[PDB]
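Student: Show me how the following folds:
(2 chains)
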Amino acid sequence: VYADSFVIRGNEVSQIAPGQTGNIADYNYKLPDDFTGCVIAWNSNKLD
Amino acid sequence: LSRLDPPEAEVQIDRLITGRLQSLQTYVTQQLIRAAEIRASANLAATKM
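Tutor: Residues are numbered from 1 along each chain as shown, chains lettered A, B, ... in the order given. The protein structure is shown below:
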């Protein structure tokens, strides 16, 4: 169970998905197309 | 591929593969049925010979 962890802007949360484009999924973090995990994302404007 | 990402290109190519694989199954099944008919004719020709 590999748990990756980071922060991103809100209009780019849709780019954390298998096979996506845009300046996060191209070269910051690329999910494979053989994906079987679970992407969890929540707002943290009250902290970060 | 030239105009589409892999996640979606695998689905589109899999559809074409299934279609053309069905073409081959149709072709080979008919050759077996038709080869039995020419074989029956060759048996008649050998018998007359």
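
Student: Most proximal residue of chain A with respect to chain B?
Tutor: Closest contact between chain A and chain B, by Cβ to the nearest Cβ, is at residue A:19 (3.0 Å). C-beta: built from backbone N, CA, C; applies to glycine.

Student: Provide the backbone phi and psi angles at the residue of chain B found nearest chain A.
Tutor: At 3.0 Å from chain A, residue B:7 is the closest residue in chain B, using Cβ to the nearest Cβ. The phi/psi pair for residue B:7 (degrees, to the nearest 10) reads phi -50, psi -40.

Student: In contact with it: list those residues for me.
Tutor: By Cβ atoms under 8 Å, 6 or more residues apart in numbering or on different chains, the contact list for residue B:7 reads A:18-19, A:33.

Student: Can I have the buried ones of these as a PyMOL selection?
Tutor: Buried residues within the contacts of residue B:7, by 16 or more other Cβ atoms under 10 Å in any protein chain shown, are selected in PyMOL with:
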select buried, chain A and resi 18+19
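
Student: could the contacts of residue B:7 go into JSON lines alongside secondary structure?
Tutor: Formatted as JSON lines, the contacts of residue B:7 follow (DSSP: H, G, I helix; E, B strand; the rest coil):
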{"residue": "A:18", "secondary structure": "coil"}
{"residue": "A:19", "secondary structure": "coil"}
{"residue": "A:33", "secondary structure": "coil"}
